[PDB]
Structure formats: C-alpha cells, structure tokens
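Residue numbers (PDB author numbering), protein chains in the order written: chain N, 1 to 76; chain A, 1 to 627. We put the beta carbon where it would ideally sit given N, CA and C, even for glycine.
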Amino acid sequence: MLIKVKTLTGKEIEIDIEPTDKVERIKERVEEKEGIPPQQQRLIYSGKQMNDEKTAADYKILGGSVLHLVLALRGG
Amino acid sequence: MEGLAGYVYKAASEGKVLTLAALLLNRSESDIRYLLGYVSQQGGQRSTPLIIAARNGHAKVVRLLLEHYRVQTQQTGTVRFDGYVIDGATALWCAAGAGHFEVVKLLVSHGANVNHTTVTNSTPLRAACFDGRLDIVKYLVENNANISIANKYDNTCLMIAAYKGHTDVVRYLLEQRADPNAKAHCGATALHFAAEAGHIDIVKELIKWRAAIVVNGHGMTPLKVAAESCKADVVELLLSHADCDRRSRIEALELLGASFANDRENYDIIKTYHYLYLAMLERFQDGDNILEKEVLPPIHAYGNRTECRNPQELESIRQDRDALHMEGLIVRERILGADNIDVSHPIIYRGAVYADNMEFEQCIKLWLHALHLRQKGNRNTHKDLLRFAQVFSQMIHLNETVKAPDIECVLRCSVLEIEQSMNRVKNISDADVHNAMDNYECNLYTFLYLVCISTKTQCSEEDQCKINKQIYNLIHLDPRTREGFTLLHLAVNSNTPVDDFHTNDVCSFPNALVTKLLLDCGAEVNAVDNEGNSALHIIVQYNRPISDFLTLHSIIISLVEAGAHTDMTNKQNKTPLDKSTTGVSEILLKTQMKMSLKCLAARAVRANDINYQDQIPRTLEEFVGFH
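Pasting the structure below:
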C-alpha cells in the first residue's frame, strides 16, 4: 500500500508497504524515495515512533495517511 | 434591626411611601436616626435613604422624612451618575443633579446646604446646570447659591454649562453676574468649552457679555479650537469681534478648512478648498503690505510639498483630492506646531484612508510621522503600534514588499516606547497600573507581530542587522509580562493573543522563525515565568502536533540549540517531558535530549532533599534549583 507521509516541507513518501508489513524496513522504502537512509528516518506514527519490527497493524493499519517524520541524525 | 435597615433603604429608593411609613411606625428616637442616616451600598453608591430618595426623585419620600421624622439635610453620600462618581454630595446636590425640581424645593425649605461642596468642590447649582434644568438653576441662585465657586479643576458653574447643550442655564448664569473670564486648570474658559462642543447660541451670549477671549494653558485660542473642532459655524462667529486683528483671523480660517480636509465625521472637499481660499486671499489683499505665511520646511512624510505661498498654487490644486487632503495636514501642523494633543489624529485618519484605498507607502509615512509626534510628547502609543502591526500584516497579506527602514523605524520606536511603558508600570502607583500593565503587554504583543512581519520580509543584510540590534536592545531591557513571560515565552506560546484586525491571518503563534530570530539575537532561553515554565515547557504544551508539525519541530531544535536545559524543572516540579501531552512533542524532546551526569546528579540530589546550601558552589545552587 502506497503512503502519503508528510515531510519537513509538506512532501510525500512512498512506503509501498501493506498493513502487514513491519515498519522496520517499511520506513526505509518511504525514505528511499526521499533520500534518507533506513536507520535515520525516525518517523512518528501519529503519536509514536516505530521500534524494532513494529508491524504496521500497530499504527491502525492506515492506508497512506500522513506520517510526519523526524530528521533525527546519527541514528545509524 | 440591621435586616430592617435594608428594607427601609429599599423603601426610600423604590418610591413606596405607605410601606416606608409603616416600617418606621412605632419606632423610638434612637431607631429613627439609625434607620434614617445609615448608608447602604447599591449599584456602587453608598447613599443614605434620604439621599437616594432625592437622587431617584421621590419627593413624597423626601417630604415624609424631612417634615415628620426630622432627618438631617447634611448627610454625605456617594452617587454614580452617567460615567461620573460624586462622593460627599448631600441630598440637595443629588436632587439638583438628577433634575427633579419637585425634590429640590423640599430640601431648601427644610434648610439644606445650598452652597454645599462635594469632594471635588461641586455646588448643587453646578449640578443643576450640568443636568440642564433651568428651573432648579433659577431657584438655587435665588436661594443664596455661589455661582463663582468652582471645582478642583477650576471649572465654574457657567463653564460646565457652556460645554453641555444647555443655553437657558448659561443665559441665566450670565445675567446673574457670573465671570466669563474664569479659567480652568489648563487655562480653559467658558468659551473654550463651548468652542469644542460647538454651541452657536452660547458663544453669542458670551461675546455680548464681554467675553474677553484669552489663551488657555496650552496657548490655544478658543477661536482656533472651533477651527480645530471642524465647527464651521462657530469660526465665522468671532471674526466680527473687532479686536481679533488680521493674523489671528488668517490662522483660524486656515485651520478650519484643514480640519475639514482630514476628519472622518466632518469630511467635505468643497469646504476644504473654500476656507483655505479666503485665508490666502486675505493675505494677498494689501499688496505692498503682504503677509507671507511662515511655511515650515518640506517634510518627507508629506511628500515634497511646501504648502501654497501663492493664490495660483492653491487654485491649481482646487480639484486635486490627494493634494487637498495632504495640504490640510501641513498647514494644520504648521499652525499647531505639532505640540497639540490632537494634531496626530487627522494624520492617523489620513493614513487610515490611504490604507483603506490600498495605498501603503503614503499611509506608512504618515503613520510613522504621527508615531514620532506622539512619542516625543510621551503619549500612550500602544494602539498606534497595534495599527502599525495591522497595516504591516495587511501589506504582507496582499503580497507586497515592506520598506525595511520603515520596519526599523517603527521597531526603534517600539523598543524605546517599552522602556517608557516599563517606567509607567514602576512609577505609577496601584491606581492605573492595571491598565498600564495591559498596555505594556499589548506593546510586547505588537513587538512580536512586528518581528513576525520581519521574518517574512527580504531583510537586506544592513537592515536585518539593524533589526537584530533593536531586538537585542529590547531583550537586554528584559521585557517581562505580569505572568513572567519574556519575548521568547510568548513567541513559543499558542495562547498569546494575535490581533484579529488584519493580523491573525499573518502572525501565527507559536512561530519557529520568530523564535529562531529571537535566539540569534540572544534571548535568555532558560528564563522562568511566574509558574517556573521556560520556553521549552511552554512549547511542549502545544496541542496541535499534526496541523503544524514543523512549527513544533523547527522551533524545538531552535529552542534547544543555545542551551535550553531540557531537564530544567518548573516551580510545580514538572520536567518538560512530564508536561508533554503529546507523543510527537515528547519524542522530539527525547531525540533532542542529551544526557549529562550533571543533570542526573542534580535530580538525585533534589529527589532525596540533601542540604546543599553553603556546601556546594554558588552557581550550583541555581543548577540544583533547575532540577
């Protein structure tokens, strides 16, 4: 499922991850289009940040939505 | 006994007589004096039952108490009129003030104090002519009332009646040997009050009574006050006084048409030119004895105009609407000298008209000139700064550039005005400091609006440096509201009110740009308010992390970049992590938080309440107080 996560300037990120896809690498695909490496896009799932596997069903399994991500560096 | 006192006071105030007599029936002499003379608070008035009966026009109640029960006529009570508070006024003063002739005649018959003076030296005859009742005025004078007695402001009975539209009492007072040359505190005479109000009939009685026009405490002739008041009929009422000379007549005619040029209630383009036409024509009458006007040098605020020194120059601008509005400001200021308290109002109205016509450069120049002329006179220039912010927000809202030196000029005025307002808080005692505090808070809000406008302009580097220097000066003057909020605290607070008048659509709080611009200028980021909250405590209280996430993110990294102690704890023992109320804000703080053994050790010290005073470094006691 394609995502419409907002960014630092109202951009979009295409996760292309289904609701059963874990957010451990789902944020990497969203940040692949934007440019950020996998373990740097500390995305906020409308109230919390995904940790470890973090299957997308935890974040209400929303389709697309708008996930404002943090630009937290040095997290690699 | 006290419970019946309220009913007795109510009975006298409500006008009931049979119930009042029944309540006072079978009462001993001790009960009569206590019930008739006990003050009661009702509607902000501490008035006796007899006084409130005279104020409410209950003559029968007054007649019942005065004739039968023998109540004193010299009791003092506080009354509340239409915006005026009078304390210590007897029942005769209230009866005359309320315009009840049927109550006034009863008190004087019993022996009331006709020449009674209240706290502000107020005569019942003065109150009667203030209310406009001629019958009370004629009766009081015939009952040995001193007309010449004035108030603490040196305003006699004739002078106050000259301000209000009551000609009949003025005519009776003038023929009752009243002084027309009596001056108020600021030298104002009776004709001065009539000139501002614009009473044609009252003025005609004064000049017949040898008015002997003189200047007031401000050196302002009342003939020019009517010209300044847009009173066309009053201006051509004193020109035939046979002692007004020639130069004074020119000054009056020039000011009247100029006042007509720039005034909301009395705007007319045909009388604007005509009144100035005759004044300059009278100058060009003798020929070899010409009276050339002492034209002030041209001001950049008023374009490049140098008034009109020739008859053909004003004729060339007969149909010029822009010039006639602009010329009227110059000649009026040239006459007044810009020192009057009302010279700025036509300028501010002309600027408002220009702004309402989508002409911004001219209105900005005129408003800046008005602000300078008001700040040099030490005026309450807070609404002026508010409308400056409003017009700047409208300029940037219509997508036009704003002149950065003009922003610098108003910013330089705001920082100096705040110091004056800072003095007004400290100098003024607890009488009007509550309003002064509100004005100073409004000044801080207007400064924030100005800086928010500056965050959207191009900000050339020299002008940007000047703006930063002004903001640095204001910050080092430590601007703090009554809540302990600094500029940063309000700039990071969504609860800070933004003006709805053309401003809330542009200035949005919290704003990360202004905060950034407030940290590059060096605001004390670890400042504490009355609640102990820092800027970081306030910003994490924001309840809108989705609608504007960046304005919560780009401010936090802006906040903790100069040394905003993320672990510093408020007066109520709350870490900013504890005052999160938002997962996004708390995770942003956690990402921006860097651990330090200083913080952990201080928190462990305070969590166990070890005595540290006079044992640890002096700078470390404050750090302990932080956590």
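Identify whether residue i lies in helix, strand or coil by the three-state DSSP scheme.
i, result
"residue 194 of chain A", "helix"
"residue 481 of chain A", "coil"
"residue 224 of chain A", "helix"
"residue 362 of chain A", "helix"
"residue 394 of chain A", "helix"
"residue 80 of chain A", "strand"
"residue 242 of chain A", "coil"
"residue 592 of chain A", "helix"
"residue 49 of chain N", "strand"
"residue 168 of chain A", "helix"
"residue 535 of chain A", "helix"
"residue 88 of chain A", "strand"
"residue 15 of chain A", "coil"
"residue 135 of chain A", "helix"
"residue 24 of chain A", "helix"
"residue 498 of chain A", "coil"
"residue 321 of chain A", "helix"
"residue 389 of chain A", "helix"
"residue 427 of chain A", "helix"
"residue 209 of chain A", "coil"
"residue 456 of chain A", "coil"
"residue 622 of chain A", "helix"
"residue 637 of chain A", "Because chain A spans 1 through 627 in this model, residue 637 of chain A falls outside it and cannot be assessed."
"residue 522 of chain A", "coil"
"residue 14 of chain N", "coil"
"residue 38 of chain N", "helix"
According to DSSP, residue i sits in a beta bridge with which residue or residues?
i, result
"residue 46 of chain A", "A/41"
"residue 59 of chain A", "DSSP output for residue 59 of chain A lists no bridge partner at all."
"residue 55 of chain N", "N/22"
"residue 215 of chain A", "DSSP, once it has assigned bridges, lists no residue as partnering residue 215 of chain A."
"residue 43 of chain N", "N/69"
"residue 528 of chain A", "None; residue 528 of chain A has no bridge partner."
Please compile the residues from chain A whose C-beta is within a distance smaller than 9 Å of the C-beta of residue i.
i, result
"residue 64 of chain N", "Chain A residues near residue 64 of chain N: none, gap ~15 Å exceeds 9 Å."
"residue 44 of chain N", "545, 549, 583, 584, 587 and 588"
Whose Cβ in chain A lies nearer than 7 Å to the Cβ of residue i?
i, result
"residue 72 of chain N", "591"
"residue 8 of chain N", "550"
Can you tell which of the options has its C-alpha closest to the C-alpha of residue i?
i, options, result
"residue 71 of chain A", "A/605, A/421, A/53 and A/84", "A/53"
"residue 89 of chain A", "A/349, A/75 and A/194", "A/75"
"residue 173 of chain A", "A/197, A/132, A/198 and A/184", "A/132"
"residue 213 of chain A", "A/57, A/243, A/375 and A/329", "A/243"
"residue 359 of chain A", "A/402, A/380, A/384 and A/375", "A/402"
"residue 600 of chain A", "A/512, A/626 and A/617", "A/626"
"residue 64 of chain N", "N/15, N/11, N/49 and N/24", "N/15"
"residue 547 of chain A", "N/29, N/46, N/61 and N/33", "N/46"
"residue 329 of chain A", "A/341, A/314 and A/347", "A/347"
"residue 413 of chain A", "A/436, A/444 and A/394", "A/444"
"residue 166 of chain A", "A/147, A/142 and A/200", "A/200"
"residue 56 of chain A", "A/16, A/471, A/66 and A/592", "A/16"
"residue 77 of chain N", "A/549, A/596 and A/597", "In this structure chain N extends from 1 to 76, so residue 77 of chain N is not present and cannot be described."
"residue 142 of chain A", "A/153, A/114, A/497 and A/154", "A/114"
"residue 475 of chain A", "A/5, A/437 and A/520", "A/520"
Residue i versus chain N: which residues are under 7 Å apart at the beta carbon?
i, result
"residue 415 of chain A", "None at all; the shortest Cβ gap to chain N is about 34 Å."
So which residues of chain A does residue i contact, with C-beta pairs closer than 8 Å?
i, result
"residue 48 of chain N", "583 and 587"
Residue i touches chain N at which residues, Cβ-Cβ below 9 Å?
i, result
"residue 553 of chain A", "8, 68, 70 and 71"
At the 8 Å Cβ level, is residue i part of the contact set with chain D, yes or no?
i, result
"residue 340 of chain A", "The chain inventory of the structure shown lacks chain D, comprising the protein chains N and A."
Worksheet item: Hey, is the stretch 28-46 of chain A in contact with the stretch 59-76 of chain N, meaning 3+ C-beta pairs nearer than 8 Å?
Response: no
Worksheet item: Do the stretch 261-276 of chain A and the stretch 289-301 of chain A touch if we need at least three Cβ pairs shorter than 8 Å?
Response: no
Worksheet item: Is the stretch 499-506 of chain A close to the stretch 538-545 of chain A, with three or more CB pairs under 8 Å?
Response: no
Worksheet item: Would you call the stretch 610-619 of chain A and the stretch 575-594 of chain A touching, i.e. three or more CB-CB distances under 8 Å?
Response: no
Worksheet item: Is the stretch 89-100 of chain A close to the stretch 130-149 of chain A, with three or more CB pairs under 8 Å?
Response: yes
Item to complete: Tell me, please, whether the stretch 319-332 of chain A touches the stretch 269-280 of chain A by the rule of three or more beta-carbon pairs shorter than 8 Å.
Response: yes
Worksheet item: Can we say the stretch 53-69 of chain N touches the stretch 15-28 of chain N, given the rule of at least three CB pairs closer than 8 Å?
Response: yes
Worksheet item: Would the stretch 464-476 of chain A and the stretch 528-538 of chain A be scored as touching if the rule is three or more Cβ pairs under 8 Å?
Response: no
Fill in: contact_flag[the stretch 160-169 of chain A, the stretch 192-207 of chain A] where n(CB pairs < 8 Å) is 3 or more
yes
Worksheet item: Counting pairs of Cβ atoms below 8 Å between the stretch 446-459 of chain A and the stretch 376-390 of chain A, do you hit three or more?
Response: yes
Fill in: Segment contact, 8 Å Cβ cut-off, at least three pairs: the stretch 100-117 of chain A with the stretch 47-63 of chain A
yes
Worksheet item: Just checking, does the stretch 350-370 of chain A make contact with the stretch 416-435 of chain A on the three C-beta pairs under 8 Å criterion?
Response: no
Discussion item. With three or more C-beta pairs closer than 8 Å as the rule, is the stretch 367-376 of chain A touching the stretch 338-354 of chain A?
Written reply: yes
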